[PDB]
Each structure stands twice: as structure tokens, then as C-alpha cells.
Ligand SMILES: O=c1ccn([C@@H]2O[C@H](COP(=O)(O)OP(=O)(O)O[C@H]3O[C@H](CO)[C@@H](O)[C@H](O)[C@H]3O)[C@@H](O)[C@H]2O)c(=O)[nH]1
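Below sits a lone chain in C-alpha cells, taken as the form solved without uridine-5'-diphosphate-glucose.
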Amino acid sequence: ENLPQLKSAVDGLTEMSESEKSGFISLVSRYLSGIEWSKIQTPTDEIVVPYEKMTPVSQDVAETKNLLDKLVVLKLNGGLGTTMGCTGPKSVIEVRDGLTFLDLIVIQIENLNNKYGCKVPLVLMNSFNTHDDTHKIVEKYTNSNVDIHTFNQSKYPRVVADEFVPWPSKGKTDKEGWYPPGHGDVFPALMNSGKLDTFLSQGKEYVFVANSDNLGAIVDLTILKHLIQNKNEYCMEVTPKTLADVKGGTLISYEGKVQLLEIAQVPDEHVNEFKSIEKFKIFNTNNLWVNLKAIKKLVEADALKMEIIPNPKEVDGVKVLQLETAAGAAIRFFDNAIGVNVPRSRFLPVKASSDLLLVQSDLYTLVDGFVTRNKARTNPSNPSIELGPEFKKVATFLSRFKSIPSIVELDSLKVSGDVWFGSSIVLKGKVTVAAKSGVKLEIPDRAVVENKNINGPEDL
């Protein structure tokens, strides 16, 4: 019903830039305008390329140099660590040995250029929640041998659902009036920066995208080599789905084209089949490799048309809407868009404290910018972890562990209630811990908990 209304309401927002104001239009335009089930299809291997079948690079550093010369390293740096009870960027948390996500990031790129002499650039995509703080943090890399760029993605106004007008217009101009429109915004933002054009002219042809908290997102020269062979404009790293990845976004062939399918395309009556991992086998790591010229072309041609992720939220009793999109969703707009199915050692992200237990234990070590998995670990799978809200805030997490217990032998751990952990504890097989009503527990140092379901102090 009409359109200039919401338009003038936004154009009056002095904050937003010209590249941000009209943009919020496509999303509002479409969302207000409008993937059918009976047409879905499972892609072939021709679409999803077996990692282990690709040609690796030779030892000839000249070849490595050539490839590493066309690559840029971008990190989505738009996200706070609020989910883990921590203030600051998600990447400023400490992974292992006092080093933060942004800290190892600047480390690994340096070791790749150190070993090959090239100078692969680091470009962090920020947002209003992490931009200025990042700019301040990165000064720590003043003498580092990497040119780290940063840019602020688009800022969009949340929408108050009822009246459906921009919230800042009603005067909500503080930080609560705005919302990071999803990571799908990585493409028009990289271009809105003016940095891609730069990179393009600089011999740069591809960009490897990954979450700032996926420790496995390391540059794979092989994947890059391949892209230049088949001339793939888009390449998504995917991996086999596990029980921890049921509702995850997968890859499908829809109307003869590759496409990501999130829970934002499947009806209620179909979620069951959707969640059937026997039907859909792999998921999206977000590890994405994208040809640069192809980006510019599609952004300058106002081509991208990602499915709007509605996303409603309540704020101070005000029900609002954050219109967002996903990056993996750009895969359909790219020529010879593929995806590569790789080992899970490339999808090691930190989403909660339960993952910090993992990477901070004996199951892993830091070896020259590399969250190295202990080879002693027999089973190929990592132990599952189930800590309660008592362990959600990293600060409390660390304190509830005088030292991180060995888990290299661990198969599973259940942890609920007011539980504390001494030092040099060892965990094997299946293990449970839980205090009772108004009860508190504290597992003593040197404890070797082996196949137990701790339900009370009455359990040594």
C-alpha cells in the first residue's frame, strides 16, 4: 500500500548515510512486497565439491605467492560478546593463553605472509557496536606486518511494528534505536567502503569470509587454487551436519541454481522434514570465498536480493522489527557458484563458555597461530558439553574452574546447578554434576571423575 510514507520518515533520519538510507528501502520494499516446498532439490557433488578431491598447491612458494597475492582476509567484526556475559566485541574475548580473537587473527595472517613474503591484507567489517572500540584496539597492531583495514557496515533503523515507522523518528536516536541488519550486509558494505575497488585494482580477486570467532577459519590455498580453476564466483565451505547442527542452514539446488536454505524458508508443517538430517546432510559454516569483481558487479547493478530475515524483538516493552539478511544467501547471484564440503576442523567457533572449556583445555594447544587439536584424542569427535546458566558469563565461568580439567579422554559432561571445579581434575567418558535445592558443590583438586552422575555432596 503506497510507499513514500516510510520513505520520508527515514530520509529525515540525519544519522544514516545516503548509502544506508536508500538501502533500508530494498529490505522494507521487499519485505512489504513478498521458496515453495514442492520445488526443493538436493544438489549434486558437481555443486558441492569434496574438499579431499581438490588439487593442493605445490611446495613451490612462487605458486603460493601468486595465489596469496589475489587474496584478501575479511573478518565480520559486527557482534558484541553480550551472549557470553562479556562486554566488548565478540572477538576481544580471550581464546587461550591471554590472546584474543583479534589477537590471533593478526598473528596467523602474519605467519602466512612470513612464510611466503606476500602481504595479504586484513579487513574487519565493523558496525556501530564494535567500530570505534575496534579502531582503538587495533592500534595494538601498529608495528605488526599486516595492513589491517576496518570499515563500518550499514546502520539501519529498527522498526516499531505496530505503527511500523522508524523508531529513531519517534526520537529513539540513542544506540537502542538502531539494529545490525545481519551479516548478509557484508557485501553491499564491503563495496560501500570504497575498499573493494581499491583491492580490485591491487590484483586482489578473492576474499575469504569467516566469523571472527571460528578458530578454524584459516586460509586454505587449495580452496583458492580451485576457485581460479573452475572460475567459481562463489564458494561456500560446508561440513556434515551433527546433532548440534540440526536446524542449521544447508545447500540445495532450487530451480537449477545453488542456494542456501535457512529456517527462514520452511513452513511449520515442514520443519520436521527440514530437520531430517537424513534428507539434508551438510550445513553452512559461513566460511565463504567470493570473487571481488563479481561482488562489485552485483552490488553496482543493485543485484543482490537476499531473503529478508524479518526478526522481531521487544525493547522496553516496544515491539520492534530488525530487517536482516544472511551472507551465505548471496551464493545464488554468483556465476558458477559452488560450495565445498570440508573436514570440521575448519568450523571451530566460540559461541558460549562451553566452547571455551574445549579450546582452553588439554584437547587443544596454541602452535604459532593455530588452535591445534591434541593428537592423543582417539575418537575423532569432540566431547559434548552442557553447562548451566551459572557458567554462562565468562567471568563466572573462569572462576568456577581453578584450572581447566583434562577432557582429552572425555566423551560427555553434564553440568547444572551451583557447581565449582578445583585444579588438575581429569574427566573421562560420560560425566554429570549437579547440586540440589539451595545446595552448592565443589569438586576437589586432583579429582578423577569417571562415569558418574553427581547428584549430591553424598557422592565424594
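Residues that one form lacks are left out of the comparison. In this text, the rigid core denotes the largest set of C-alpha atoms whose superposition between the two forms falls within 1.5 Å. Position 1 is the first residue in the sequence shown; the rest follow in order.
The form deposited with uridine-5'-diphosphate-glucose bound is left out here; the points below concern that form.
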Among 314-322, 367-375, 331-339, 211-219, the stretch whose residues bring a heavy atom within 4.5 Å of uridine-5'-diphosphate-glucose in the deposited complex is 211-219
Among 353, 232, 284, 134, which has any heavy atom within 4.5 Å of uridine-5'-diphosphate-glucose in the deposited complex? 284
In the deposited complex, which of the listed residues (125, 105, 159, 308) lies with a heavy atom within 4.5 Å of uridine-5'-diphosphate-glucose? 125
Residue 155: heavy atom within 4.5 Å of uridine-5'-diphosphate-glucose in the deposited complex? no
Although the partner isn't part of this model, could you tell me whether residue 260 comes within 4.5 Å of uridine-5'-diphosphate-glucose in the deposited complex, counting any heavy atom of the residue? yes
Would residue 326 count as a contact of uridine-5'-diphosphate-glucose in the deposited complex, using a 4.5 angstroms cut-off between non-hydrogen atoms? yes
Would you check, heavy atoms only and a 4.5 Å threshold, whether residue 249 touches uridine-5'-diphosphate-glucose in the deposited complex? yes
Would uridine-5'-diphosphate-glucose in the deposited complex be within 4.5 angstroms of a non-hydrogen atom of every residue among 109, 203 and 206? no
Once the rigid core is lined up, just say which one of 257, 313, 351, 247 has a C-alpha that travels 2 Å or more between the shown form and the other one. 247
After a core superposition, which runs of 3 or more consecutive residues shift by at least 2 Å in C-alpha position between the shown form and the other one? 1-3, 246-248, 272-276
